[PDB]
Amino acid sequence: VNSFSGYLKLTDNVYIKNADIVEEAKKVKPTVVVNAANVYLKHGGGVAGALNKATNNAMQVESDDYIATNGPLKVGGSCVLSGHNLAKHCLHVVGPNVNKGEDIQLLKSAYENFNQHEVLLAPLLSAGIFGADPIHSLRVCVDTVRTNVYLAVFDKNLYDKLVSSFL
Ligand SMILES: O=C1NS(=O)(=O)c2ccccc21
């Protein structure tokens, strides 16, 4: 038994809710929150900008030190950093950005990072301002992630479409 409340069960291991991931993280304080990162860990907008704002920019300060030491992530890759006031850890995962021309086949590689963590609070990778079809992102998630994932979908309209179209 864990602390996640109000989720619809899609599969053995995947759950979904219409929720602001920031507000969900603040309430649950999960072991792992996933960020929809870019390779530079520049948390300007979308999920990343909202998570970073909720940390009072501490996420960005830590991220800048990480990049200065290690260089950029790979598209499809990840790193584990602090969760600050939101979670124990933040798993920064880079899904392909369709609005930059990145290979959508890299979405499966992105979701494979989640399998290194027993439980995660996450957004749909490559959705929103990353330009991918969220229905596709949910299918890749279900077909790739084997650990327990709690998906927060900000947009109520999209949430209802994801549930009602789920196979
Ligand atoms: O894919 C998406 N995640 S979201 O809920 O932020 C959203 C809002 C509007 C259009 C698309 C999308």
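FYI, side chains are in, hydrogens and waters are out, and symmetry mates aren't considered; it's all heavy atoms of this structure. Numbers for residues simply follow the sequence, beginning at 1.
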Check your understanding: Can you check whether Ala19's main-chain N or O pairs, donor with acceptor, with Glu24's side chain at less than 3.5 Å?
Key -> no
Point to revise | pair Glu118-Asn148: side-chain heavy atoms closer than 4.5 Å | key: no
Check your understanding: What closest approach, in Å, do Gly95 and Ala110 show between heavy atoms, and which atom pair accounts for it?
Key -> CA-CB, 4.0 Å
Review point. Would you say the side-chain atoms of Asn52 and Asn57 include a donor-acceptor pair closer than 3.5 Å?
Key: yes
Review point. Shortest non-hydrogen contact from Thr55 to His84?
Key: CG2-CB, 3.7 Å
Check your understanding: Any chance the side chains of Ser63 and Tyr40 put a donor and an acceptor closer than 3.5 Å?
Key -> no
Exercise for review: Keeping the roles fixed (side chain from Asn56, backbone from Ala58), state whether a donor-acceptor pair exists under 3.5 Å.
Suggested key: no
Point to revise | Flag side-chain contact, heavy atom, 4.5 Å: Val75 against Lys100 | key: no
Check your understanding: Going from CG on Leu125 to CG on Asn35, what distance comes out if it is rounded to the nearest 0.5 angstrom?
Key -> 10.0 Å
Check your understanding: About how many Å separate OG1 of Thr31 and CG of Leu91, when rounded to the nearest 0.5 Å?
Key -> 12.5 Å
Review point. Is a side-chain N or O of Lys42 found less than 3.5 angstrom from the main chain of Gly44, in a donor-acceptor match?
Key: no
Point to revise | Distance, nearest 0.5 Å, that separates CG of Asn157 from NZ of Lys161 | key: 8.5 Å
Practice item. Mark yes or no for whether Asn99, through its side chain, and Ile129, through its backbone, hold a donor-acceptor pair below 3.5 Å. Key: yes
Review point. Strictly by modelled atom types, are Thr144 and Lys108 linked by a side-chain donor-acceptor pair under 3.5 Å?
Key: yes
**Study point:** Close side-chain approach of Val14 to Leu151, heavy-atom, < 4.5 Å
**Key:** yes
Review point. Under the 3.5 angstrom rule, does the side chain of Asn115 hit a backbone N or O of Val145 as a donor-acceptor pair?
Key: no
**Study point:** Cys141 SG to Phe114 CZ distance, which is reported to the nearest 0.5 Å
**Key:** 6.0 Å
Exercise for review: State, yes or no, whether a side-chain contact exists between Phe130 and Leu124 at a heavy-atom distance under 4.5 Å.
Suggested key: no
**Study point:** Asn13 side chain vs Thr147 backbone, donor-acceptor pair below 3.5 Å
**Key:** yes
Check your understanding: Is the backbone N or O of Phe154 less than 3.5 Å from a side-chain atom of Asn18, with the two atoms forming a donor-acceptor pair by type?
Key -> yes
Practice item. Supply the atom-to-atom distance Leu107 CG to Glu112 CD, rounded to the nearest 0.5 angstrom. Key: 10.5 Å
Review point. Is the closest side-chain donor-acceptor distance between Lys17 and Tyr7 under 3.5 Å?
Key: no
Check your understanding: In terms of side-chain heavy atoms, does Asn2 have a donor or acceptor partner in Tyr150 at a distance below 3.5 Å?
Key -> yes
Point to revise | is_close_aromatic(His92, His43), centroid dist under 6.0 Å | key: yes
Point to revise | Inter-residue atom distance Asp64.CG - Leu41.CG, 0.5 Å rounding | key: 8.5 Å
